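> My structure is in protein.cif, and what it holds is mmCIF, C-alpha atoms and all ligand atoms; chains and numbers go by the auth columns:
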```cif
data_structure
#
loop_
_atom_site.group_PDB
_atom_site.id
_atom_site.type_symbol
_atom_site.label_atom_id
_atom_site.label_comp_id
_atom_site.label_asym_id
_atom_site.label_seq_id
_atom_site.Cartn_x
_atom_site.Cartn_y
_atom_site.Cartn_z
_atom_site.B_iso_or_equiv
_atom_site.auth_seq_id
_atom_site.auth_asym_id
ATOM 1 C CA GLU A 1 0.000 0.000 0.000 0.00 32 A
ATOM 2 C CA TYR A 2 1.076 3.614 0.331 0.00 33 A
ATOM 3 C CA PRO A 3 3.632 4.778 2.929 0.00 34 A
ATOM 4 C CA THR A 4 2.340 6.478 6.043 0.00 35 A
ATOM 5 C CA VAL A 5 4.345 8.893 8.167 0.00 36 A
ATOM 6 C CA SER A 6 4.964 6.314 10.851 0.00 37 A
ATOM 7 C CA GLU A 7 6.618 3.860 8.502 0.00 38 A
ATOM 8 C CA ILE A 8 9.267 6.393 7.378 0.00 39 A
ATOM 9 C CA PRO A 9 12.005 7.398 9.833 0.00 40 A
ATOM 10 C CA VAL A 10 13.232 10.960 9.592 0.00 41 A
ATOM 11 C CA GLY A 11 15.898 11.031 6.908 0.00 42 A
ATOM 12 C CA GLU A 12 14.821 8.045 4.853 0.00 43 A
ATOM 13 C CA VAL A 13 12.912 8.314 1.576 0.00 44 A
ATOM 14 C CA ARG A 14 10.546 5.874 -0.124 0.00 45 A
ATOM 15 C CA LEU A 15 9.506 5.780 -3.778 0.00 46 A
ATOM 16 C CA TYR A 16 5.995 4.840 -4.902 0.00 47 A
ATOM 17 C CA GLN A 17 5.254 4.135 -8.551 0.00 48 A
ATOM 18 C CA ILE A 18 1.999 5.657 -9.761 0.00 49 A
ATOM 19 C CA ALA A 19 1.900 5.062 -13.463 0.00 50 A
ATOM 20 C CA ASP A 20 4.563 3.960 -15.920 0.00 51 A
ATOM 21 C CA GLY A 21 7.702 5.994 -15.379 0.00 52 A
ATOM 22 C CA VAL A 22 5.974 8.207 -12.802 0.00 53 A
ATOM 23 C CA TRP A 23 6.871 7.707 -9.140 0.00 54 A
ATOM 24 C CA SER A 24 6.234 9.782 -6.062 0.00 55 A
ATOM 25 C CA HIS A 25 8.644 10.215 -3.178 0.00 56 A
ATOM 26 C CA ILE A 26 7.670 10.380 0.491 0.00 57 A
ATOM 27 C CA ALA A 27 9.846 11.424 3.391 0.00 58 A
ATOM 28 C CA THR A 28 9.266 12.818 6.848 0.00 59 A
ATOM 29 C CA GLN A 29 10.382 15.989 8.614 0.00 60 A
ATOM 30 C CA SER A 30 9.694 17.751 11.875 0.00 61 A
ATOM 31 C CA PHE A 31 7.876 21.075 12.041 0.00 62 A
ATOM 32 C CA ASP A 32 7.787 22.533 15.530 0.00 63 A
ATOM 33 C CA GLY A 33 7.017 19.500 17.699 0.00 64 A
ATOM 34 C CA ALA A 34 5.725 16.793 15.297 0.00 65 A
ATOM 35 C CA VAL A 35 6.763 14.853 12.182 0.00 66 A
ATOM 36 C CA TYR A 36 4.621 15.127 9.095 0.00 67 A
ATOM 37 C CA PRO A 37 4.875 13.358 5.752 0.00 68 A
ATOM 38 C CA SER A 38 5.422 15.240 2.548 0.00 69 A
ATOM 39 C CA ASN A 39 5.102 14.132 -1.072 0.00 70 A
ATOM 40 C CA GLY A 40 6.959 14.963 -4.260 0.00 71 A
ATOM 41 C CA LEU A 41 6.969 13.633 -7.828 0.00 72 A
ATOM 42 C CA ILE A 42 9.474 11.932 -10.132 0.00 73 A
ATOM 43 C CA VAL A 43 8.910 11.790 -13.901 0.00 74 A
ATOM 44 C CA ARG A 44 10.852 10.188 -16.750 0.00 75 A
ATOM 45 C CA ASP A 45 12.259 12.712 -19.265 0.00 76 A
ATOM 46 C CA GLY A 46 13.599 10.528 -22.036 0.00 77 A
ATOM 47 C CA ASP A 47 16.925 9.440 -20.564 0.00 78 A
ATOM 48 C CA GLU A 48 16.917 11.868 -17.653 0.00 79 A
ATOM 49 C CA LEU A 49 14.575 12.364 -14.691 0.00 80 A
ATOM 50 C CA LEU A 50 12.605 15.483 -13.704 0.00 81 A
ATOM 51 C CA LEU A 51 12.129 15.993 -9.950 0.00 82 A
ATOM 52 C CA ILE A 52 9.057 17.878 -8.766 0.00 83 A
ATOM 53 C CA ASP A 53 10.000 19.279 -5.331 0.00 84 A
ATOM 54 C CA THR A 54 12.713 18.327 -2.866 0.00 85 A
ATOM 55 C CA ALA A 55 12.272 15.942 0.028 0.00 86 A
ATOM 56 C CA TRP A 56 12.210 18.208 2.997 0.00 87 A
ATOM 57 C CA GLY A 57 15.667 19.514 3.810 0.00 88 A
ATOM 58 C CA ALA A 58 19.236 18.625 2.986 0.00 89 A
ATOM 59 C CA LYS A 59 19.634 15.247 4.659 0.00 90 A
ATOM 60 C CA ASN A 60 16.414 13.924 3.155 0.00 91 A
ATOM 61 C CA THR A 61 16.933 15.334 -0.336 0.00 92 A
ATOM 62 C CA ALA A 62 20.283 13.581 -0.061 0.00 93 A
ATOM 63 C CA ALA A 63 18.643 10.205 0.559 0.00 94 A
ATOM 64 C CA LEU A 64 16.245 10.844 -2.309 0.00 95 A
ATOM 65 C CA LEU A 65 18.991 10.924 -4.893 0.00 96 A
ATOM 66 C CA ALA A 66 20.381 7.881 -3.094 0.00 97 A
ATOM 67 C CA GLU A 67 17.117 5.976 -3.526 0.00 98 A
ATOM 68 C CA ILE A 68 16.708 7.111 -7.116 0.00 99 A
ATOM 69 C CA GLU A 69 20.094 5.797 -8.231 0.00 100 A
ATOM 70 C CA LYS A 70 19.309 2.542 -6.452 0.00 101 A
ATOM 71 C CA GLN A 71 15.770 2.089 -7.706 0.00 102 A
ATOM 72 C CA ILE A 72 15.681 4.026 -10.993 0.00 103 A
ATOM 73 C CA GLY A 73 19.285 4.462 -12.043 0.00 104 A
ATOM 74 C CA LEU A 74 18.603 7.286 -14.410 0.00 105 A
ATOM 75 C CA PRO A 75 20.032 10.692 -13.478 0.00 106 A
ATOM 76 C CA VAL A 76 17.969 13.550 -12.128 0.00 107 A
ATOM 77 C CA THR A 77 18.790 16.489 -14.403 0.00 108 A
ATOM 78 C CA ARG A 78 16.204 19.201 -13.674 0.00 109 A
ATOM 79 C CA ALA A 79 13.854 19.891 -10.766 0.00 110 A
ATOM 80 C CA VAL A 80 10.837 22.173 -10.308 0.00 111 A
ATOM 81 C CA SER A 81 9.541 23.498 -6.991 0.00 112 A
ATOM 82 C CA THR A 82 5.901 24.069 -6.093 0.00 113 A
ATOM 83 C CA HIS A 83 6.444 27.022 -3.739 0.00 114 A
ATOM 84 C CA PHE A 84 8.905 28.365 -1.187 0.00 115 A
ATOM 85 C CA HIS A 85 8.381 26.400 2.065 0.00 116 A
ATOM 86 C CA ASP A 86 11.207 24.231 3.372 0.00 117 A
ATOM 87 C CA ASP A 87 9.352 21.087 2.309 0.00 118 A
ATOM 88 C CA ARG A 88 9.733 22.236 -1.300 0.00 119 A
ATOM 89 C CA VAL A 89 13.120 23.977 -1.458 0.00 120 A
ATOM 90 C CA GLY A 90 14.867 22.263 1.391 0.00 121 A
ATOM 91 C CA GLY A 91 17.754 20.560 -0.353 0.00 122 A
ATOM 92 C CA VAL A 92 18.056 22.736 -3.432 0.00 123 A
ATOM 93 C CA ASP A 93 21.606 23.429 -2.351 0.00 124 A
ATOM 94 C CA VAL A 94 22.170 19.682 -2.268 0.00 125 A
ATOM 95 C CA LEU A 95 20.650 19.066 -5.678 0.00 126 A
ATOM 96 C CA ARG A 96 22.677 21.938 -7.136 0.00 127 A
ATOM 97 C CA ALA A 97 25.752 20.355 -5.545 0.00 128 A
ATOM 98 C CA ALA A 98 24.737 17.065 -7.029 0.00 129 A
ATOM 99 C CA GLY A 99 24.674 18.640 -10.510 0.00 130 A
ATOM 100 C CA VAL A 100 20.897 19.104 -10.825 0.00 131 A
ATOM 101 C CA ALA A 101 19.503 22.132 -12.694 0.00 132 A
ATOM 102 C CA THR A 102 17.157 23.716 -10.174 0.00 133 A
ATOM 103 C CA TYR A 103 14.122 25.548 -11.501 0.00 134 A
ATOM 104 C CA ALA A 104 11.293 27.534 -9.982 0.00 135 A
ATOM 105 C CA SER A 105 8.872 30.368 -10.580 0.00 136 A
ATOM 106 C CA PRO A 106 10.134 33.920 -10.174 0.00 137 A
ATOM 107 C CA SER A 107 7.555 34.715 -7.515 0.00 138 A
ATOM 108 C CA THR A 108 8.480 31.502 -5.700 0.00 139 A
ATOM 109 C CA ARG A 109 12.169 32.373 -6.108 0.00 140 A
ATOM 110 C CA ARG A 110 11.658 35.773 -4.458 0.00 141 A
ATOM 111 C CA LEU A 111 9.522 34.376 -1.647 0.00 142 A
ATOM 112 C CA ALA A 112 12.274 31.882 -0.880 0.00 143 A
ATOM 113 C CA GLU A 113 14.767 34.750 -0.788 0.00 144 A
ATOM 114 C CA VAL A 114 12.645 36.850 1.565 0.00 145 A
ATOM 115 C CA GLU A 115 11.720 34.016 3.914 0.00 146 A
ATOM 116 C CA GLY A 116 15.355 32.918 3.991 0.00 147 A
ATOM 117 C CA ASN A 117 15.073 29.427 2.473 0.00 148 A
ATOM 118 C CA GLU A 118 17.181 28.015 -0.342 0.00 149 A
ATOM 119 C CA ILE A 119 16.712 29.649 -3.733 0.00 150 A
ATOM 120 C CA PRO A 120 16.454 27.624 -6.963 0.00 151 A
ATOM 121 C CA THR A 121 18.858 28.862 -9.627 0.00 152 A
ATOM 122 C CA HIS A 122 16.703 29.301 -12.703 0.00 153 A
ATOM 123 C CA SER A 123 13.440 31.180 -13.101 0.00 154 A
ATOM 124 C CA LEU A 124 10.393 29.738 -14.830 0.00 155 A
ATOM 125 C CA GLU A 125 9.055 32.182 -17.384 0.00 156 A
ATOM 126 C CA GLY A 126 5.461 32.625 -18.367 0.00 157 A
ATOM 127 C CA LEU A 127 3.684 31.243 -15.316 0.00 158 A
ATOM 128 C CA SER A 128 3.015 34.712 -13.956 0.00 159 A
ATOM 129 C CA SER A 129 -0.775 34.925 -14.390 0.00 160 A
ATOM 130 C CA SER A 130 -3.699 32.850 -13.173 0.00 161 A
ATOM 131 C CA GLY A 131 -4.317 30.029 -15.607 0.00 162 A
ATOM 132 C CA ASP A 132 -0.993 30.318 -17.400 0.00 163 A
ATOM 133 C CA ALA A 133 0.772 27.068 -18.149 0.00 164 A
ATOM 134 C CA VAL A 134 4.150 26.194 -19.628 0.00 165 A
ATOM 135 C CA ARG A 135 5.300 22.792 -20.855 0.00 166 A
ATOM 136 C CA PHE A 136 8.375 21.664 -18.905 0.00 167 A
ATOM 137 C CA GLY A 137 9.856 18.400 -20.095 0.00 168 A
ATOM 138 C CA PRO A 138 7.308 15.608 -19.878 0.00 169 A
ATOM 139 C CA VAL A 139 4.836 17.511 -17.705 0.00 170 A
ATOM 140 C CA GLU A 140 2.725 20.605 -17.858 0.00 171 A
ATOM 141 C CA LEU A 141 3.333 23.228 -15.206 0.00 172 A
ATOM 142 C CA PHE A 142 0.184 25.148 -14.351 0.00 173 A
ATOM 143 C CA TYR A 143 -0.365 28.203 -12.161 0.00 174 A
ATOM 144 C CA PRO A 144 -3.907 28.376 -10.730 0.00 175 A
ATOM 145 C CA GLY A 145 -3.839 31.518 -8.592 0.00 176 A
ATOM 146 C CA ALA A 146 -3.320 31.764 -4.865 0.00 177 A
ATOM 147 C CA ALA A 147 -4.246 28.889 -2.555 0.00 178 A
ATOM 148 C CA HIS A 148 -1.834 27.241 -0.129 0.00 179 A
ATOM 149 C CA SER A 149 0.533 30.100 -1.021 0.00 180 A
ATOM 150 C CA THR A 150 0.171 32.786 -3.651 0.00 181 A
ATOM 151 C CA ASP A 151 2.857 31.107 -5.772 0.00 182 A
ATOM 152 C CA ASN A 152 1.839 27.446 -5.625 0.00 183 A
ATOM 153 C CA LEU A 153 1.981 25.501 -8.872 0.00 184 A
ATOM 154 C CA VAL A 154 0.640 22.088 -9.820 0.00 185 A
ATOM 155 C CA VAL A 155 2.042 19.503 -12.204 0.00 186 A
ATOM 156 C CA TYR A 156 0.118 17.298 -14.634 0.00 187 A
ATOM 157 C CA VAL A 157 1.605 14.344 -16.452 0.00 188 A
ATOM 158 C CA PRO A 158 -0.492 14.140 -19.634 0.00 189 A
ATOM 159 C CA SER A 159 0.846 10.706 -20.563 0.00 190 A
ATOM 160 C CA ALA A 160 -0.564 9.277 -17.358 0.00 191 A
ATOM 161 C CA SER A 161 -3.347 11.682 -16.335 0.00 192 A
ATOM 162 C CA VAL A 162 -1.467 12.280 -13.072 0.00 193 A
ATOM 163 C CA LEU A 163 -2.050 15.607 -11.352 0.00 194 A
ATOM 164 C CA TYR A 164 0.447 16.759 -8.740 0.00 195 A
ATOM 165 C CA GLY A 165 -1.394 18.994 -6.315 0.00 196 A
ATOM 166 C CA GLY A 166 1.339 20.127 -4.068 0.00 197 A
ATOM 167 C CA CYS A 167 0.500 21.618 -0.677 0.00 198 A
ATOM 168 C CA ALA A 168 -2.580 23.178 -2.284 0.00 199 A
ATOM 169 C CA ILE A 169 -4.514 19.913 -2.088 0.00 200 A
ATOM 170 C CA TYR A 170 -5.048 18.135 1.214 0.00 201 A
ATOM 171 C CA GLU A 171 -5.792 14.453 1.808 0.00 202 A
ATOM 172 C CA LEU A 172 -9.080 12.873 2.853 0.00 203 A
ATOM 173 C CA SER A 173 -7.755 11.739 6.247 0.00 204 A
ATOM 174 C CA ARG A 174 -6.808 15.402 6.696 0.00 205 A
ATOM 175 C CA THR A 175 -9.709 17.565 7.808 0.00 206 A
ATOM 176 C CA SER A 176 -8.189 20.531 9.661 0.00 207 A
ATOM 177 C CA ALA A 177 -6.743 23.228 7.440 0.00 208 A
ATOM 178 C CA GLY A 178 -4.691 24.305 10.407 0.00 209 A
ATOM 179 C CA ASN A 179 -1.546 26.214 9.552 0.00 210 A
ATOM 180 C CA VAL A 180 -2.423 28.767 6.874 0.00 211 A
ATOM 181 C CA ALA A 181 -0.099 31.699 7.571 0.00 212 A
ATOM 182 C CA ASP A 182 0.941 32.544 4.026 0.00 213 A
ATOM 183 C CA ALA A 183 -2.292 31.285 2.453 0.00 214 A
ATOM 184 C CA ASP A 184 -4.912 33.343 0.632 0.00 215 A
ATOM 185 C CA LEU A 185 -8.067 31.563 1.764 0.00 216 A
ATOM 186 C CA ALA A 186 -10.227 34.033 -0.135 0.00 217 A
ATOM 187 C CA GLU A 187 -9.020 32.839 -3.536 0.00 218 A
ATOM 188 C CA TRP A 188 -8.154 29.175 -2.971 0.00 219 A
ATOM 189 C CA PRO A 189 -11.606 27.666 -3.827 0.00 220 A
ATOM 190 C CA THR A 190 -11.637 29.364 -7.196 0.00 221 A
ATOM 191 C CA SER A 191 -8.059 28.278 -7.641 0.00 222 A
ATOM 192 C CA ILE A 192 -8.996 24.623 -7.239 0.00 223 A
ATOM 193 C CA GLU A 193 -11.863 25.034 -9.697 0.00 224 A
ATOM 194 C CA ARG A 194 -9.309 26.415 -12.098 0.00 225 A
ATOM 195 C CA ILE A 195 -7.680 23.003 -11.758 0.00 226 A
ATOM 196 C CA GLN A 196 -10.835 20.889 -12.069 0.00 227 A
ATOM 197 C CA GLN A 197 -11.445 22.898 -15.236 0.00 228 A
ATOM 198 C CA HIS A 198 -8.083 22.466 -16.885 0.00 229 A
ATOM 199 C CA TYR A 199 -7.237 18.936 -15.794 0.00 230 A
ATOM 200 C CA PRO A 200 -10.655 17.280 -15.599 0.00 231 A
ATOM 201 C CA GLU A 201 -9.620 13.980 -17.139 0.00 232 A
ATOM 202 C CA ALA A 202 -6.964 13.562 -14.420 0.00 233 A
ATOM 203 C CA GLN A 203 -7.122 9.991 -13.114 0.00 234 A
ATOM 204 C CA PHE A 204 -4.527 10.174 -10.289 0.00 235 A
ATOM 205 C CA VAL A 205 -4.345 13.126 -7.890 0.00 236 A
ATOM 206 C CA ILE A 206 -1.527 13.560 -5.386 0.00 237 A
ATOM 207 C CA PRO A 207 -1.444 16.002 -2.446 0.00 238 A
ATOM 208 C CA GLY A 208 1.607 17.529 -0.842 0.00 239 A
ATOM 209 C CA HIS A 209 1.187 15.561 2.364 0.00 240 A
ATOM 210 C CA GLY A 210 -0.622 12.240 2.387 0.00 241 A
ATOM 211 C CA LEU A 211 -2.116 9.395 0.406 0.00 242 A
ATOM 212 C CA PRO A 212 -3.177 9.989 -3.214 0.00 243 A
ATOM 213 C CA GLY A 213 -6.728 9.912 -4.469 0.00 244 A
ATOM 214 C CA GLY A 214 -8.682 11.076 -7.478 0.00 245 A
ATOM 215 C CA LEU A 215 -10.485 14.255 -8.453 0.00 246 A
ATOM 216 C CA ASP A 216 -12.370 13.908 -5.189 0.00 247 A
ATOM 217 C CA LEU A 217 -9.409 15.423 -3.365 0.00 248 A
ATOM 218 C CA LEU A 218 -10.037 18.811 -4.932 0.00 249 A
ATOM 219 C CA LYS A 219 -13.605 19.013 -3.651 0.00 250 A
ATOM 220 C CA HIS A 220 -12.559 17.738 -0.244 0.00 251 A
ATOM 221 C CA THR A 221 -10.010 20.552 -0.066 0.00 252 A
ATOM 222 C CA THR A 222 -12.557 23.247 -0.943 0.00 253 A
ATOM 223 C CA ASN A 223 -14.941 22.249 1.857 0.00 254 A
ATOM 224 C CA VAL A 224 -12.090 21.986 4.369 0.00 255 A
ATOM 225 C CA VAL A 225 -10.899 25.477 3.503 0.00 256 A
ATOM 226 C CA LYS A 226 -14.482 26.757 3.291 0.00 257 A
ATOM 227 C CA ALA A 227 -15.356 25.632 6.811 0.00 258 A
ATOM 228 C CA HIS A 228 -12.179 27.350 8.034 0.00 259 A
ATOM 229 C CA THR A 229 -14.159 30.585 7.531 0.00 260 A
ATOM 230 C CA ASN A 230 -17.725 29.848 8.705 0.00 261 A
ATOM 231 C CA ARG A 231 -16.266 28.138 11.799 0.00 262 A
HETATM 232 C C1 LIG B . 1.155 18.168 7.192 0.00 301 A
HETATM 233 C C2 LIG B . 1.614 19.402 7.093 0.00 301 A
HETATM 234 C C3 LIG B . 1.253 20.481 8.118 0.00 301 A
HETATM 235 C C4 LIG B . 1.581 21.885 7.624 0.00 301 A
HETATM 236 N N1 LIG B . 2.614 21.812 6.602 0.00 301 A
HETATM 237 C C5 LIG B . 3.907 21.659 6.824 0.00 301 A
HETATM 238 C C6 LIG B . 4.598 21.520 8.168 0.00 301 A
HETATM 239 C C7 LIG B . 4.542 21.646 5.598 0.00 301 A
HETATM 240 N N2 LIG B . 3.616 21.787 4.681 0.00 301 A
HETATM 241 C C8 LIG B . 2.456 21.893 5.291 0.00 301 A
HETATM 242 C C9 LIG B . 1.171 22.074 4.518 0.00 301 A
HETATM 243 O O1 LIG B . 0.083 22.281 5.119 0.00 301 A
HETATM 244 O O2 LIG B . 1.257 22.008 3.258 0.00 301 A
HETATM 245 ZN ZN ZN B . 3.825 24.993 1.906 0.00 302 A
HETATM 246 ZN ZN ZN B . 3.732 21.531 2.717 0.00 303 A
#
```
Would you give me this structure, written as structure tokens?

Amino acid sequence: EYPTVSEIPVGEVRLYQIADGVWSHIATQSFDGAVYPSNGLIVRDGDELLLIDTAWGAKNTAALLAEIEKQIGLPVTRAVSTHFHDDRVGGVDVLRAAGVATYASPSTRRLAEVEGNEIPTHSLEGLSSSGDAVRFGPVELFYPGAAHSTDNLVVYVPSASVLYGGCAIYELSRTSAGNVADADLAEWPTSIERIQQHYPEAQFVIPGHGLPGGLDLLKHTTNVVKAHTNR
């Protein structure tokens, strides 16, 4: 089955195939006094691999490349980051050391600078507006307006109808929006509908923290963020 947070010690990384040549990676990190899981994506780009989001910090991101060479054996050559929180750019510096071309949105790149996290080298052009999308390697990058954070992207793999939600989609088991400091609640619901519009065929949805699902996840996220307001 899928990995849960308890099964993964801090600083180990597991890979979970989703469709052909599309894995996800799970690892665990501690934020204040707990240890949460986080998810990322791995996609085959011809003879190289494209990494959607770091593990969650340097040590983990290190083990990720370790796992990948063991399990996949193709090299990770580029890497795109969903937003600026440590669970997405923690380990950039390691990747860049490991020879991996690190990419990210401009907005995201600035927000990382300001908040003092690692900063991906290259800027992603033409994702600046709501609904924009640019085709990066074997995936489409899509910007759907503010949600979990004003910059958050999502990643669709057209070949496999996989949609990478990033921290902007929750899981079912998750019910409490909870920590929403840098999150624009007022726009998020629309922003998810922007997704359900553009990627409506999507037959594999993946959140930033937890077990995958289908297009149901979107709707479950809207409610959960809705009832953050009326309660
Ligand atoms: C399960 C995550 C709780 C809040 N959080 C952390 C610590 C990192 N990312 C998030 C999130 O909500 O996306
Ligand atoms: Zn985040
Ligand atoms: Zn997160």
> Enumerate, as a VMD selection string, the protein, DNA and RNA residues whose atoms approach (-6.8, 10.2, 5.6) to within 8 Å, taking into account only C-alpha atoms and the coordinate frame of the file.
chain A and resid 202 to 205 241 to 242
> Env of region 243-256 of chain A: 10 Å cut, atoms = only C-alpha atoms, seq-sep filter 3 positions within chain, self excluded. Answer as a count of residues only.
45
> Using only C-alpha atoms, determine which residues lie at most 12 Å from residue 74 (chain A), disregarding the query and same-chain residues fewer than 3 positions distant; provide the list as a compact mmCIF listing (two decimals) with C-alpha atoms, in the coordinates of the input.

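Result saved to part13.txt:
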```txt
# COMPACT_ATOMS: atom_id res chain seq x y z
CA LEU A 46 9.51 5.78 -3.78
CA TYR A 47 6.00 4.84 -4.90
CA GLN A 48 5.25 4.14 -8.55
CA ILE A 49 2.00 5.66 -9.76
CA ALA A 50 1.90 5.06 -13.46
CA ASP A 51 4.56 3.96 -15.92
CA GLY A 52 7.70 5.99 -15.38
CA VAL A 53 5.97 8.21 -12.80
CA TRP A 54 6.87 7.71 -9.14
CA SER A 55 6.23 9.78 -6.06
CA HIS A 56 8.64 10.22 -3.18
CA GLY A 71 6.96 14.96 -4.26
CA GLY A 77 13.60 10.53 -22.04
CA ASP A 78 16.92 9.44 -20.56
CA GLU A 79 16.92 11.87 -17.65
CA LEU A 80 14.58 12.36 -14.69
CA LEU A 81 12.60 15.48 -13.70
CA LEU A 82 12.13 15.99 -9.95
CA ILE A 83 9.06 17.88 -8.77
CA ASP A 84 10.00 19.28 -5.33
CA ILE A 99 16.71 7.11 -7.12
CA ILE A 103 15.68 4.03 -10.99
CA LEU A 105 18.60 7.29 -14.41
CA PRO A 106 20.03 10.69 -13.48
CA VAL A 107 17.97 13.55 -12.13
CA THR A 108 18.79 16.49 -14.40
CA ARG A 109 16.20 19.20 -13.67
CA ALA A 110 13.85 19.89 -10.77
CA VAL A 111 10.84 22.17 -10.31
CA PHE A 167 8.38 21.66 -18.90
CA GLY A 168 9.86 18.40 -20.10
CA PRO A 169 7.31 15.61 -19.88
CA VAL A 170 4.84 17.51 -17.70
CA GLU A 171 2.72 20.60 -17.86
CA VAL A 186 2.04 19.50 -12.20
CA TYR A 187 0.12 17.30 -14.63
CA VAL A 188 1.60 14.34 -16.45
CA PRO A 189 -0.49 14.14 -19.63
CA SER A 190 0.85 10.71 -20.56
CA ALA A 191 -0.56 9.28 -17.36
CA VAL A 193 -1.47 12.28 -13.07
CA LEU A 194 -2.05 15.61 -11.35
CA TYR A 195 0.45 16.76 -8.74
```
> Kindly resolve the PyMOL selection byres (((not hetatm)) within 8 of (chain A and resi 303)) on the present coordinates and return the residues as number ranges by chain.
A: 69, 116-119, 197-198, 239-240
> Check the smallest atom-to-atom distance from each of A:61, A:181, A:35, A:102 to residue 136 (chain A) using all atoms listed in the file, then report the winner.
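With all atoms listed in the file as the atom set, the closest residue is A:181.
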> Run the PyMOL selection byres (((chain A and resi 135) around 9) and not hetatm) on the file and write out the hits as a short mmCIF file (atom, residue, chain, number, x, y, z; two decimals) with C-alpha atoms, in the frame of the given file.

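Final file, part12.cif:
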```
data_model
loop_
_atom_site.label_atom_id
_atom_site.label_comp_id
_atom_site.auth_asym_id
_atom_site.auth_seq_id
_atom_site.Cartn_x
_atom_site.Cartn_y
_atom_site.Cartn_z
CA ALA A 110 13.85 19.89 -10.77
CA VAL A 111 10.84 22.17 -10.31
CA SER A 112 9.54 23.50 -6.99
CA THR A 113 5.90 24.07 -6.09
CA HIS A 114 6.44 27.02 -3.74
CA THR A 133 17.16 23.72 -10.17
CA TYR A 134 14.12 25.55 -11.50
CA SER A 136 8.87 30.37 -10.58
CA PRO A 137 10.13 33.92 -10.17
CA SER A 138 7.56 34.72 -7.52
CA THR A 139 8.48 31.50 -5.70
CA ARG A 140 12.17 32.37 -6.11
CA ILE A 150 16.71 29.65 -3.73
CA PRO A 151 16.45 27.62 -6.96
CA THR A 152 18.86 28.86 -9.63
CA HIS A 153 16.70 29.30 -12.70
CA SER A 154 13.44 31.18 -13.10
CA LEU A 155 10.39 29.74 -14.83
#
```
